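For the single chain, residues carry numbers from 1 onward in sequence order. Reckoned from all heavy atoms, side chains included, excluding hydrogens, waters and symmetry mates.
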Amino acid sequence: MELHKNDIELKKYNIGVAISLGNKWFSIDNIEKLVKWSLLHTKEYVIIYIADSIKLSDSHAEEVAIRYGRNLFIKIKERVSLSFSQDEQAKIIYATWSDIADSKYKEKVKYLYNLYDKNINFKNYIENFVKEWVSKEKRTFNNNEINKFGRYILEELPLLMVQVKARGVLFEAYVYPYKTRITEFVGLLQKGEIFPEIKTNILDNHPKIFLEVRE
């Protein structure tokens with residue numbers, strides 16, 4: 001695959017690999033490709049995490065992590081240790097939800113939850129957002145479910161917008177195989193062009209960089 005940028009082939013950034021569990025593209029082979037591309041283009045490290053899902057925990061991301069991410073990561077570790085040299089393997093960091101969701105990240109999430117409960121324009125935008133995603137799924141969903149799906153998005157939204165640390169490692173950039181409704185929405189947020197209060201409250205002027213990489 002290849003980037004769809006001079007800072008990259010100058011290896012300026014660390015690169016996160018955001019895996020959407022359940023999205024048919026993220027087979028184990030496509031995941032291996034994305035990791036190989038990131039090891040070749042990263043400044044030093046590649047961070048691998050589970051990034052959405054388009055009760056054993058109070059957080060949906062945490063629940064996904066312990067129910068699925070553990071076994072996914074185990075399959076990824078096996079494949080990697082058979083595809084990559086041992087020194088290349090040194091560059092990789094498997095970041096669970098807890099690695100990312102430090103206390104500083106949680107305040108940003110709290111700000112979004114708060115805003116989801118108090119700003120009905122925001123509430124309705126986020127929910128219509130879920131409503132559109134799922135109106136191409138054959139299955140249907142009620143409004144309480146639609147509303148619960150919305151909070152799940154808000155839980156991942158800071159990661160998409162700001163540069164954060166996982167196990168003490170800043171990663172400025174992340175790879176994803178195509179543009180999505182979400183990536184356009186995040187773009188607008190970072191520019192302050194939609195719900196600008198969000199930019200003012202949770203973006204510290206170092207925006208997460210989205211790199212589109214596909215075959």
Review point. Do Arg167 and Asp99 pass the side chain to side chain contact (heavy atoms under 4.5 Å, CB included) test, and can you show the C-alpha distance, the side-chain angles, and the key distance before you say yes or no?
Key: CA-CA 6 Å; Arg167 293 188 185 182; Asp99 297 326; 3.3 Å; yes
Check your understanding: With side chains defined as the heavy atoms from C-beta onward, is the minimum distance between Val46 and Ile93 less than 4.5 Å?
Key -> no
Practice item. Measure across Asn119 and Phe122 and return the closest heavy-atom pair with its distance rounded to 0.1 Å. Key: OD1-N, 2.8 Å
**Study point:** Side-chain touch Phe73/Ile48, heavy atoms, less than 4.5 angstrom
**Key:** yes
Check your understanding: After noting the C-alpha distance and the side-chain angles of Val164 and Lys108, does the key distance pass the side chain to side chain contact (heavy atoms under 4.5 Å, CB included) rule?
Key -> CA-CA 11 Å; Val164 305; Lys108 290 153 168 71; 5.8 Å; no
Review point. Within 45° of the six-membered ring axis of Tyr94 and under 6.0 Å from that ring's centre, is NZ or CZ of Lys77 located there?
Key: yes
Practice item. Quick one: closest heavy-atom pair of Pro207 and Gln190, and the distance? Key: CB-NE2, 3.4 Å
Check your understanding: Can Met161 and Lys208 be said to form a side chain to side chain contact (heavy atoms under 4.5 Å, CB included), step by step?
Key -> CA-CA 5 Å; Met161 274 180 300; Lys208 177 65 105 303; 5.7 Å; no
Exercise for review: Search all heavy atoms of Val175 against all heavy atoms of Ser38 and return the closest pair with its distance.
Suggested key: CG2-OG, 3.9 Å
Check your understanding: Does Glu9 pair with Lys5 as a salt bridge, N-O distance under 4.0 Å?
Key -> no
Review point. Is there a path from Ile74 to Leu82 through hydrophobic residues (I, L, V, M, F, W, Y) whose side chains come within less than 4.5 Å of each other?
Key: no
Practice item. Anything under 30° is parallel, anything over 60° is perpendicular, the rest tilted; go ahead and classify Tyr125 against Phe185. Key: tilted
Revision key, fill the gap. For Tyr116 and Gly150 the tightest heavy-atom approach is OH-CA, 3.7 Å
Point to revise | ILVMFWY network linking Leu115 to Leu188, side-chain heavy atoms under 4.5 angstrom | key: yes
Review point. Would a 4.5 Å heavy-atom cut-off, applied to side chains only, mark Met1 and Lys33 as touching?
Key: yes
Practice item. Output yes when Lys179 and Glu212 qualify as a salt bridge under the 4.0 Å nitrogen-oxygen rule, no when they do not. Key: yes
Point to revise | Any side-chain heavy-atom pair of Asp58 and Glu63 under 4.5 Å | key: no
Practice item. Measure up the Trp37 and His41 rings against each other and bin them: parallel (under 30°), tilted (30 to 60°), perpendicular (over 60°). Key: parallel
Check your understanding: Quick one: are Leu34 and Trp25 in side-chain contact, heavy atoms under 4.5 Å?
Key -> yes
Review point. Does the salt bridge (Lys or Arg N to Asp or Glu O under 4.0 Å) test come out yes or no for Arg181 and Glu132, once each step is laid out?
Key: CA-CA 10 Å; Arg181 336 289 316 277; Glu132 246 207 44; 2.4 Å; yes
Review point. Ring centroid separation for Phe149 and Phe141, is it under 6.0 angstrom?
Key: yes
Review point. Which heavy atom in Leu21 sits nearest to a heavy atom in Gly69, and how many Å separate them?
Key: CD2-N, 4.3 Å
Point to revise | ring-ring contact (aromatic ring centres under 6.0 Å, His included) assessment of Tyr176 paired with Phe26 | key: CA-CA 10 Å; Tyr176 206 72; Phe26 285 83; 5.6 Å; yes
**Study point:** side-chain contact (heavy atoms from CB on, under 4.5 Å) involving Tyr113 - partner list, sequence neighbours excluded
**Key:** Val109, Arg151, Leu154, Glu155
Review point. Do the non-hydrogen side-chain atoms of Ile76 and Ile28 ever get within less than 4.5 Å of each other?
Key: yes
Review point. Mind checking whether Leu170 and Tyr105 sit in one hydrophobic cluster, side chains of I, L, V, M, F, W, Y counted as touching below 4.5 Å?
Key: no
Practice item. May I ask you to check whether over 12 heavy atoms, not counting those of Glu137, lie within 6.0 Å of atom CD? Key: yes
Exercise for review: Give the C-alpha distance, both sets of side-chain angles, the deciding distance and a yes or no for side chain to side chain contact (heavy atoms under 4.5 Å, CB included) between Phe84 and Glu32.
Suggested key: CA-CA 10 Å; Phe84 295 103; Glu32 191 253 16; 4.2 Å; yes
Review point. Hey, what else clusters with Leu56 if you join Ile, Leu, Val, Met, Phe, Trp, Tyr whenever side-chain heavy atoms sit under 4.5 Å?
Key: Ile66
**Study point:** ILVMFWY network linking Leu3 to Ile209, side-chain heavy atoms under 4.5 angstrom
**Key:** yes
Study note, to complete from the structure: Between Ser98 and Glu62, the two heavy atoms sitting closest are OG-OE1, 4.1 Å
Exercise for review: Check whether any side-chain heavy atom of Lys131 sits under 4.5 Å from a side-chain heavy atom of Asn128, and report yes or no.
Suggested key: yes
Check your understanding: Between the side chains of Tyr152 and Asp52, does any donor sit under 3.5 Å from an acceptor?
Key -> no
Review point. So do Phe171 and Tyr45 actually touch side chain to side chain, heavy atoms under 4.5 Å?
Key: no
Check your understanding: Does the side chain to side chain donor-acceptor pair (under 3.5 Å) test come out yes or no for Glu127 and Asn147, once each step is laid out?
Key -> CA-CA 6 Å; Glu127 275 163 353; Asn147 178 255; 2.4 Å; yes
Review point. Linking I/L/V/M/F/W/Y whenever their side-chain heavy atoms sit closer than 4.5 Å, directly or via other members, would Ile120 and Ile198 fall into one cluster?
Key: no
